[PDB]
Amino acid sequence: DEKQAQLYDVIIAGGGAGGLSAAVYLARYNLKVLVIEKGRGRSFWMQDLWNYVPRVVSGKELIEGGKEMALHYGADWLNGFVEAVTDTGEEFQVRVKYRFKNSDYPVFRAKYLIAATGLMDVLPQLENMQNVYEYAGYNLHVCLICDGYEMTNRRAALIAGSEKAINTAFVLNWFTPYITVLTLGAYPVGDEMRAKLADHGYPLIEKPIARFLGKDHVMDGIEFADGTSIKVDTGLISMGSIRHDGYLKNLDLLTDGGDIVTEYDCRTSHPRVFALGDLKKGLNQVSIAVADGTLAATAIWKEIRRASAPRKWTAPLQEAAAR
Amino acid sequence: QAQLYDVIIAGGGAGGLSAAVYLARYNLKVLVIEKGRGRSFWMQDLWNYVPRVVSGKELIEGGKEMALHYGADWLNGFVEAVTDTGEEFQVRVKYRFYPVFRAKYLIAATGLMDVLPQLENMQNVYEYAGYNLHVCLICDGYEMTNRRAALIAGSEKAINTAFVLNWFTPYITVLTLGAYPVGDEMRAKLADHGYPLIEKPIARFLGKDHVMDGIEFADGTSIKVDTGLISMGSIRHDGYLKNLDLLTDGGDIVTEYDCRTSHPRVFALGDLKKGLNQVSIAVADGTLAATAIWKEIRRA
Ligand SMILES: Cc1cc2nc3c(=O)[nH]c(=O)nc-3n(C[C@H](O)[C@H](O)[C@H](O)COP(=O)(O)OP(=O)(O)OC[C@H]3O[C@@H](n4cnc5c(N)ncnc54)[C@H](O)[C@@H]3O)c2cc1C
Ligand SMILES: Cc1cc2nc3c(=O)[nH]c(=O)nc-3n(C[C@H](O)[C@H](O)[C@H](O)COP(=O)(O)OP(=O)(O)OC[C@H]3O[C@@H](n4cnc5c(N)ncnc54)[C@H](O)[C@@H]3O)c2cc1C
Ligand SMILES: Cc1cc2nc3c(=O)[nH]c(=O)nc-3n(C[C@H](O)[C@H](O)[C@H](O)COP(=O)(O)OP(=O)(O)OC[C@H]3O[C@@H](n4cnc5c(N)ncnc54)[C@H](O)[C@@H]3O)c2cc1C
Ligand SMILES: Cc1cc2nc3c(=O)[nH]c(=O)nc-3n(C[C@H](O)[C@H](O)[C@H](O)COP(=O)(O)OP(=O)(O)OC[C@H]3O[C@@H](n4cnc5c(N)ncnc54)[C@H](O)[C@@H]3O)c2cc1C
């Protein structure tokens with residue numbers, strides 16, 4: 001209730017890897033920052049962050065730990081869903097959906113905006129999605145950079161959401177030649193791509209998936225709608241991404257293929273709004289998002305600091321004055 | 001040694017270790033050469049790298065174990081020289097306090113070392129340096145907030161750091177150690193802001209159990225301080241890159257976004273490249289360089 005009338009220096013939409021880094025930096029610059037996080041984001045479904053020094057942690061540990069740091073240094077935190085943003089010319093107003101049912105819709109104010117809401121991987125749609133979630137993020141992966149190492153020389157299914165996504169096989173084959181391409185029967189494959197799959201020895205299965213097969217979160221097969229199946233040691237879902245960043249529509253941000261175009265310090269085309277991580281154009285890795293938070297937080301602090309009056313040691317000046 | 005590595009990494013701190021984990025997880029053959037006791041080793045608390053505050057010692061030890069676990073090679077040595085034959089890099093290494101290794105790509109990840117004030121007994125400096133006597137303002141300004149702070153400036157130009165430190169604390173004393181004259185304009189500006197200027201040589205840092213609480217000068221007088229910031233510049237010892245005619249700006253190596261330098265197939269990470277000196281930046285640099293390299297190799 002005070003949070004609402006308080007003018008923040010910065011509001012961060014999204015409290016994942018990029019937003020939490022930005023929040024710790026801004027708090028340690030002694031700036032007023034509010035983080036708004038809806039919960040259950042992409043990094044949360046990451047079982048193992050394999051490649052972020054110095055320690056392998058779960059995505060849950062990453063988020064809880066970053067949140068604890070941000071709060072310890074003075075950031076404010078709001079469990080809510082960002083709905084809309086307006087730049088009044090003087091400030092950003094951010095409308096937030098609060099509570100899941102019978103919701104309030106508070107509006108917070110800040111001088112700067114950081115968009116750190118990331119993306120969500122499209123998944124195959126089975127009647128019982130728990131069958132997918134049983135394996136997704138374990139040995140059924142969504143990111144090749146993230147898990148190609150674990151796929152090395154293993155029997156791999158590539159689930160492609162479009163004909164263009166089949167091209168992922170010709171990068172996956174860096175790690176494993178034992179690739180089967182699954183379309184789920186969702187789209188036609190032209191003969192040209194057929195010939196290329198045939199040249200490389202990658203079978204093409206166009207049947208809908210009935211079920212992922214396995215035990216204790218280890219997939220070992222896939223059953224199709226006709227009751228035939230294949231044995232696999234691993235898989236990669238390449239079906240695109242959803243961003244649900246409509247809250248940015250009033251800002252007329254320059255985009256490229258869904259990603260927000262930024263400068264090196266993550267500045268967007270709209271003054272005083274920054275874009276971090278999986279939402280900006282670039283590699284989608286935790287390391288990248290965390291570093292984006294560093295650059296944005298530092299850019300904002302430099303702007304505010306260079307516009308501020310110098311803090312003088314007034315005691316010596318006043319005492320000499322009085323004498 | 002007889003194996004042609006895909007890449008040799010000079011320096012096994014934050015950025016070099018990040019690159020090594022990525023490269024090994026690209027199933028590339030990679031060698032890290034690390035001399036030990038670098039800048040990050042002396043960091044007592046990494047405050048601002050989510051999700052966990054760790055010592056610099058823990059950062060390096062953990063990163064090294066990860067790189068080895070995914071298949072990187074590691075050598076405790078000092079990189080001396082590099083030759084680009086046109087086909088490969090030859091990297092000569094001083095081992096024990098002089099083998100030559102070969103690779104297709106070079107990552108320069110050797111960072112820098114903060115200049116420290118030179119007292120007769122440096123152990124007195126090391127007692128406090130990296131604790132509440134800081135070397136990086138972005139890293140530790142938060143902890144200095146509104147505390148009595150000494151700024152040890154290695155040159156007149158470094159005195160300008162006071163006018164950024166003052167964001168965190170206005171209670172600034174500026175120490176020159178008597179190493180240079182200070183011009184009237186800078187004198188006026190310090191006095192206008194109320195920041196004492198002390199031009200005496202330092203005898204000793206004062207404190208207990210790694211907590212500095214004062215500074216004693218050569219004439220036997222002292223000041224009380226709760227914290228301090230050293231701003232005396234940096235040393236790189238990057239002569240091993242001398243033959244590659246890399247483009248530089250003030251000692252920092254200039255790179256593209258993906259850390260490519262002016263010389264093909266050599267990258268530069270972290271504190272050694274032009275940019276912010278933070279762990280987060282170095283680690284992401286490692287990600288970008290390793291991925292650019294994998295992409296070149298994969299397309300070849
Ligand atoms: C590898 C991977 C593994 C996954 N595993 C699982 C799993 O195991 N179990 C599971 O459930 N999902 C899992 N998912 C997530 C799944 O794909 C969907 O993204 C997810 O189920 C969306 O849930 P949702 O309906 O709440 O959508 P959301 O986008 O989260 O929510 C939809 C609506 O709910 C409201 N809302 C959301 N949050 C708030 C909030 N804090 N406050 C107020 N209102 C809010 C809003 O109106 C919003 O538009 C996984 C995803 C991936 C990539
Ligand atoms: C299974 C899996 C394994 C992975 N493994 C690795 C790995 O090993 N190494 C690596 O680098 N990367 C890995 N990744 C990718 C990694 O998670 C992302 O690259 C990273 O999380 C990017 O951070 P972000 O901040 O940009 O996005 P996120 O971390 O996802 O955070 C964005 C935040 O925005 C929140 N949010 C979204 N919309 C709203 C809204 N309207 N209102 C409020 N909040 C909102 C979300 O809930 C989320 O918390 C993995 C990803 C997955 C699914
Ligand atoms: C905040 C901070 C705190 C610090 N605290 C301490 C402290 O507590 N104790 C301390 O000693 N220093 C401390 N230092 C470091 C100090 O300032 C010097 O930089 C450091 O001590 C130099 O050690 P060195 O003589 O090995 O020089 P180095 O540069 O490390 O080595 C000099 C020479 O030794 C050879 N050599 C070095 N390493 C190898 C190797 N693995 N194999 C073969 N040959 C090698 C080479 O010919 C090289 O040129 C601290 C520094 C900072 C910034
Ligand atoms: C006291 C202190 C506290 C700090 N706190 C923070 C913080 O809180 N947050 C933050 O972001 N940053 C902090 N920093 C800065 C941080 O340490 C650097 O930004 C970071 O380490 C940069 O990584 P790097 O890989 O480039 O360099 P480094 O970590 O320094 O690694 C370079 C490596 O190269 C080795 N090496 C150098 N030369 C050679 C050679 N010829 N041959 C072989 N090996 C060589 C070195 O021994 C070293 O290990 C702190 C720094 C200090 C001194």
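Order of the sequence lines fixes the chain letters, A, B, ..., with proteins taken first and strands second; residue numbering starts at 1 for each chain. Atoms within a ligand are numbered from 1 in the order they appear, just like the ligands themselves.
Counting heavy atoms only, B:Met43 comes closest to atom 2 (C) of ligand 4 of the residues B:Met43, B:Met113, B:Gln44, B:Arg236. Of all the listed residues (B:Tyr126, B:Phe41, B:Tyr128), B:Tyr126 holds the heavy atom that lies closest to atom 18 (C) of ligand 3. The residue from B:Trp42, B:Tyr95, B:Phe78, B:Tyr131 that puts a heavy atom closest to atom 14 (N) of ligand 3 is B:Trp42.
The closest approach between any non-hydrogen atom of B:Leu17 and ligand 4 is not below 4.0 Å. At least one heavy atom of A:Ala116 sits closer than 4.0 Å to an atom of ligand 2. The shortest separation from a heavy atom of A:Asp48 to ligand 2 is under 4.0 Å, placing the residue in contact.
Partners of A:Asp265 under the side chain to side chain donor-acceptor pair (under 3.5 Å) rule, at least two apart in sequence or in another chain, are A:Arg267.
Residue A:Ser43 touches ligand 2 through backbone and side chain together, judged by heavy-atom distances below 4.0 Å. At a 4.0 Å heavy-atom cut-off, ligand 2 does not touch A:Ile63 at all. At a heavy-atom cutoff of 4.0 Å, ligand 3 is contacted by both the backbone and the side chain of B:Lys35.
Distances between N or O atoms of A:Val82 and those of ligand 2 include at least one value under 3.5 Å. Below 3.5 Å of separation, one finds an N or O of B:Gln278 facing an N or O of ligand 4.
Under the side-chain hydrogen bond (donor to acceptor under 3.5 Å, both in side chains) criterion, no residue pair touches residues 10-23 of chain A, with sequence neighbours excluded.
Looking at B:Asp285 and B:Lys273, a side-chain N of the basic residue comes within less than 4.0 Å of a carboxylate O on the acidic one, giving a salt bridge. Using a 4.0 Å cut-off between charged side-chain N and carboxylate O, A:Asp259 and A:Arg243 make a salt bridge. Between B:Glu34 and B:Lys64 there is no salt bridge, since none of the side-chain N atoms of the basic residue sits less than 4.0 Å from a carboxylate O of the acidic one.
Every atom of ligand 4 is numbered from 1 in the order shown, and the set under 4.0 Å from a heavy atom of B:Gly15 is 25 (O). Per-residue contacts place B:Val135 under 4.0 angstrom from the following atoms of ligand 4 (heavy atoms of the residue considered): 52 (C), 53 (C).
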